[PDB]
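These notes concern the structure reproduced below.
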Amino acid sequence: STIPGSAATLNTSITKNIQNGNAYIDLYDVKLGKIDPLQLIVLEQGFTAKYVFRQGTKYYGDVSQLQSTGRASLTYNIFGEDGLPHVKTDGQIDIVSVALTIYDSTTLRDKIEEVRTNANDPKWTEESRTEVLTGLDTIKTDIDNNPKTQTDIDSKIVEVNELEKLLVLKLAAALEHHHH
């Protein structure tokens with residue numbers, strides 16, 4: 001919840017990015033400039049924070065530099081008004097470390113739009129179109145609102161491919177409706 005003596009606390013109300021006290025960032029959102037890591041914490045008056053990501057063998061000071069998915073860390077270094085690190089009551093430097101999952105819904109989102117476009121072709125029965133769009137809407141709502149791992153993203157791509165196979169041609173339906 002809040003590290004004893006720390007001037008910062010994780011903003012758990014930002015449920016797209018914070019779950020179970022862990023952070024998640026979707027590179028899709030990053031490329032749209034939608035993610036400001038500073039908005040994920042609440043700071044006491046008189047203190048500032050600078051974030052630093054560690055991923056692989058590199059530190060990154062700008063969220064826009066994240067380019068690979070996987071596990072990483074997100075740290076907020078906390079500074080007093082003099083620009084120096086805050087030292088807490090307990091004699092330790094004030095830093096807030098958060099486990100980070102980086103994922104990318106970009107290909108899933110493209111896939112979803114491709115199936116949507118396909119499904120909207122009037123050659124498909126309305127009943128199959130509707131079932132397919134319903135499944136796509138469920139997935140899209142989920143990724144819009146809820147953080148995922150890349151494994152989960154990849155599994156949803158498979159679900160989307162499978163949904164697309166539910167489309168039925170009006171031609172096929174008209175010939176099933178025939179009687180000899």
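Naming scheme: A, B, ... for chains in displayed order of the structure tokens; residues 1 onward per chain; ligands 1 onward as shown.
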
Might you pull out every residue within 12 Å of residue A:84, with only C-alpha atoms counted and same-chain residues fewer than 3 positions away left off, and present them as an mmCIF file with N, CA, C and O atoms, in the first residue's frame?
```cif
data_model
loop_
_atom_site.group_PDB
_atom_site.id
_atom_site.type_symbol
_atom_site.label_atom_id
_atom_site.label_comp_id
_atom_site.auth_asym_id
_atom_site.auth_seq_id
_atom_site.Cartn_x
_atom_site.Cartn_y
_atom_site.Cartn_z
ATOM 1 N N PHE A 47 7.499 17.085 -2.881
ATOM 2 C CA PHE A 47 8.325 16.035 -3.474
ATOM 3 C C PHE A 47 8.031 15.848 -4.956
ATOM 4 O O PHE A 47 6.904 16.084 -5.405
ATOM 5 N N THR A 48 9.045 15.460 -5.719
ATOM 6 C CA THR A 48 8.846 15.098 -7.123
ATOM 7 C C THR A 48 9.346 13.678 -7.370
ATOM 8 O O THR A 48 10.080 13.128 -6.554
ATOM 9 N N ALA A 49 8.966 13.098 -8.508
ATOM 10 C CA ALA A 49 9.369 11.732 -8.842
ATOM 11 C C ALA A 49 9.913 11.719 -10.247
ATOM 12 O O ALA A 49 9.457 12.497 -11.085
ATOM 13 N N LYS A 50 10.930 10.893 -10.481
ATOM 14 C CA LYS A 50 11.417 10.639 -11.835
ATOM 15 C C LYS A 50 11.369 9.129 -11.984
ATOM 16 O O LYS A 50 11.823 8.403 -11.092
ATOM 17 N N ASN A 77 11.986 7.274 -8.386
ATOM 18 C CA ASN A 77 12.971 7.868 -7.478
ATOM 19 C C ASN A 77 12.360 9.181 -6.990
ATOM 20 O O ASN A 77 11.950 9.987 -7.796
ATOM 21 N N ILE A 78 12.371 9.400 -5.677
ATOM 22 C CA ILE A 78 11.646 10.501 -5.066
ATOM 23 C C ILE A 78 12.697 11.539 -4.598
ATOM 24 O O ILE A 78 13.699 11.170 -3.973
ATOM 25 N N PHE A 79 12.433 12.799 -4.900
ATOM 26 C CA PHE A 79 13.367 13.904 -4.627
ATOM 27 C C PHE A 79 12.699 15.016 -3.824
ATOM 28 O O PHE A 79 11.544 15.355 -4.091
ATOM 29 N N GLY A 80 13.440 15.608 -2.873
ATOM 30 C CA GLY A 80 12.974 16.813 -2.203
ATOM 31 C C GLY A 80 13.154 18.042 -3.074
ATOM 32 O O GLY A 80 13.651 17.959 -4.206
ATOM 33 N N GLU A 81 12.743 19.192 -2.534
ATOM 34 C CA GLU A 81 12.811 20.458 -3.254
ATOM 35 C C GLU A 81 14.219 20.828 -3.683
ATOM 36 O O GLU A 81 14.387 21.563 -4.661
ATOM 37 N N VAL A 87 15.431 11.073 1.820
ATOM 38 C CA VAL A 87 15.793 9.970 2.728
ATOM 39 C C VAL A 87 14.676 9.876 3.733
ATOM 40 O O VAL A 87 14.267 10.895 4.336
ATOM 41 N N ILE A 93 16.931 5.610 1.315
ATOM 42 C CA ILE A 93 16.552 6.458 0.178
ATOM 43 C C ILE A 93 15.151 6.065 -0.228
ATOM 44 O O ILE A 93 14.843 4.868 -0.279
ATOM 45 N N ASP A 94 14.309 7.069 -0.478
ATOM 46 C CA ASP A 94 12.930 6.864 -0.896
ATOM 47 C C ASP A 94 12.851 6.480 -2.370
ATOM 48 O O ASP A 94 12.965 7.330 -3.246
#
```

Q. Can you list, as a ChimeraX atom specification, every protein, DNA or RNA residue that comes within 10 Å of residue A:132 when you count only C-alpha atoms, leaving out same-chain residues fewer than 3 positions away?
A. /A:115-116,119-120,126-129,135-137,160,162-167

Q) Excluding same-chain residues fewer than 6 positions from stretch 10-16 of chain A, what lies within 9 Å of it counting only C-alpha atoms, as a PyMOL selection string? A) chain A and resi 1-2+24-25+39-42+96+98+143-147

Q | Proximity to residue A:104 - best of A:161, A:22, A:69, A:17, only C-alpha atoms | A |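 Of A:161, A:22, A:69, A:17, the one nearest residue A:104, counting only C-alpha atoms, is A:69.
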
**Q.** Residue among A:62, A:154, A:176, A:159 lying closest to residue A:103, counting only C-alpha atoms
**A.** A:154

Q.
Which of stretch 19-84 of chain A end up as strand (DSSP E or B) when DSSP is run on this backbone - answer as a PyMOL selection string?
A. chain A and resi 19+22-26+41-43+48-55+58-60+70-79

Grab the residues selected above and save them as a compact mmCIF listing (two decimals), in the first residue's frame with C-alpha atoms.
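What follows is the written file result_30.txt:
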```
# COMPACT_ATOMS: atom_id res chain seq x y z
CA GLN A 19 -3.47 -4.53 -10.69
CA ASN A 22 1.76 -4.47 -10.04
CA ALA A 23 2.10 -2.34 -13.15
CA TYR A 24 1.19 -3.10 -16.76
CA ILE A 25 1.87 -1.06 -19.88
CA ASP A 26 0.57 -1.79 -23.38
CA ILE A 41 1.68 7.52 -8.40
CA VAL A 42 0.47 10.03 -5.83
CA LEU A 43 3.10 12.37 -4.39
CA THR A 48 8.85 15.10 -7.12
CA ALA A 49 9.37 11.73 -8.84
CA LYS A 50 11.42 10.64 -11.84
CA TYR A 51 10.65 7.19 -13.24
CA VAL A 52 13.19 4.69 -14.49
CA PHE A 53 12.48 1.43 -16.25
CA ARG A 54 14.92 -1.45 -16.19
CA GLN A 55 14.53 -4.07 -18.92
CA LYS A 58 19.18 -1.22 -20.06
CA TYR A 59 17.65 1.64 -18.08
CA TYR A 60 15.05 3.84 -19.77
CA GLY A 70 8.10 -9.09 -21.26
CA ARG A 71 8.93 -8.59 -17.60
CA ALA A 72 10.73 -5.44 -16.46
CA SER A 73 10.70 -3.07 -13.51
CA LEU A 74 9.36 0.41 -12.93
CA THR A 75 10.91 2.55 -10.17
CA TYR A 76 10.01 6.02 -8.97
CA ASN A 77 12.97 7.87 -7.48
CA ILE A 78 11.65 10.50 -5.07
CA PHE A 79 13.37 13.90 -4.63
```

Q: Can you list, as a PyMOL selection string, all residues belonging to stretch 13-170 of chain A that DSSP tags as alpha helix (DSSP H)?
A: chain A and resi 27-31+106-119+126-145+150-164+170
